[PDB]
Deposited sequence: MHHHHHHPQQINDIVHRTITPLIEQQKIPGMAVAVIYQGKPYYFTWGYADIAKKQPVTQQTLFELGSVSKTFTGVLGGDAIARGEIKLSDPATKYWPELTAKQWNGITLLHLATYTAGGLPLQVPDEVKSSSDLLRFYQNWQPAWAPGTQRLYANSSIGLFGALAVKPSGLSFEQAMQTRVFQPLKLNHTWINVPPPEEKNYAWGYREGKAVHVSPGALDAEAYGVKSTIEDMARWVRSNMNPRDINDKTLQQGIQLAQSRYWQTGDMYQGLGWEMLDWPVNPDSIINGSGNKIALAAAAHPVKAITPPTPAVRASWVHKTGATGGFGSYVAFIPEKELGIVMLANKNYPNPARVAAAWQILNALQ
């Protein structure tokens, strides 16, 4: 490691762990293109199993970045357009409030107030259809952003329909495998279970429960090494020898809407670099026309949580600088962002 990386990471992450009382943590700092790894504490407190570079953490909503990119890849293939009505890919969704709602709206939380959570009793395909059929928008499409699992969750499920594959099969074959993310899972295979960290909520060991559209909205588990590779792939997509995937990664950093200081991509969210560290409910959106092609001078990021895990990813493509922070405790987002900003700001 470059000493300055060690110095700033030790300075920054050590206190964070102490005050947030985080039981285990992994961090990757991407600096001049290369990854540097750090680990702390335990994946399993009871068994005193240390966090390693092979420890799997629940990504929570960081999963949305994978879904956004997979959608981008489908657009690149000509399988979908974001301007297409959602009903084009689910004709059984006949209720009139769906007229005018597009894949873009689903992907970017702008469909008009889809709920943050899919109702907990929704399990089957018929349950899911009935849920969407009964949903009533609070706003017209394309006018308000309400960050929500039921929105991008449906986007992911519909985006993969033309492929003929399940969402998991599409993600595995079109995103995970081409990028050599060989320890990244929607469903952790039994032989890999020993590396799956427990999450901790009020001292209790927990893993995320099954829920409708979980794969699409929050269900990915990954290692610090794979997540470093993910960040690297999104920072320099032109380094990928897979045309539609490269194009998809670029489309996910297109700026489709603006809300205050931030811009909504597909899964990824973006702000202009340099950012004010203090700048990082529903809010009105303005369409950006044409959507701004991925801006390399951006803070590109996404936070994620499950009951037992807190995750954060941020990168600045212009500077070849990025960070992944994975912890097996859900701790406040401002703390994650503050630590990430301190580390990247020191290395620019």
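Asks: Walk along the deposited sequence from position 1 and note every stretch that has no C-alpha coordinates.
Replies: Unmodelled stretches, in sequence order: 1-6, 287-298.
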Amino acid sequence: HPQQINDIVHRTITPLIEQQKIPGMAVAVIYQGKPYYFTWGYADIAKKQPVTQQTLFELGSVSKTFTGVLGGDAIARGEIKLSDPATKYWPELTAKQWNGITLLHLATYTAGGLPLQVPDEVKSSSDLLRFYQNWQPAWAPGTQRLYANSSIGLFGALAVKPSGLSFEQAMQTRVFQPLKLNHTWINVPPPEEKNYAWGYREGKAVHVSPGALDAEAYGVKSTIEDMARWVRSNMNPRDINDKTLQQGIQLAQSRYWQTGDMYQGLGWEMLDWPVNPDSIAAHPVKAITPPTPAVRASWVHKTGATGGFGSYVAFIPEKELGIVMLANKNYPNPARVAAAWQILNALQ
From here on, numbers count along this sequence of modelled residues.
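Asks: For the stretches 321-329 and 16-24, which has the higher mean C-alpha B-factor as given in the deposited record?
Replies: Of 16-24 and 321-329, the stretch with the higher C-alpha B-factor average is 16-24.
Asks: For the C-alpha atoms alone, is the average B factor greater in 166-174 or in 188-196, going by the entry?
Replies: The entry gives the higher C-alpha B-factor average to 188-196.
Asks: Comparing recorded Cα B-factors across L56, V295, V313, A282, which one is largest?
Replies: That would be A282, according to the entry.
Asks: Just grab whichever of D73, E216, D278, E269 has the top CA B-factor as deposited.
Replies: Answer, based on the entry's C-alpha B-factors: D278.
Asks: Relative to the other modelled residues of the same chain, rank the CA B-factor of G260 and answer lowest, middle or highest third.
Replies: Highest third of the chain for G260's C-alpha B-factor.
Asks: Is the Cα B-factor recorded for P210 in the lowest, middle or highest third of its chain?
Replies: Middle third by C-alpha B-factor.
Asks: Report the third (lowest, middle or highest) to which the CA temperature factor of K81 belongs, ranking only the modelled residues of the same chain.
Replies: Within its chain, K81 is a lowest-third residue by C-alpha B-factor, going by the deposited values.
Asks: Name the third of the chain's ranked CA B-factors that contains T289, choosing lowest, middle or highest.
Replies: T289: CA B-factor falls in the middle third of its chain.
Asks: C-alpha B factor of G308, ranked within the chain: lowest, middle or highest third?
Replies: For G308, the deposited C-alpha B-factor lands in the middle third.
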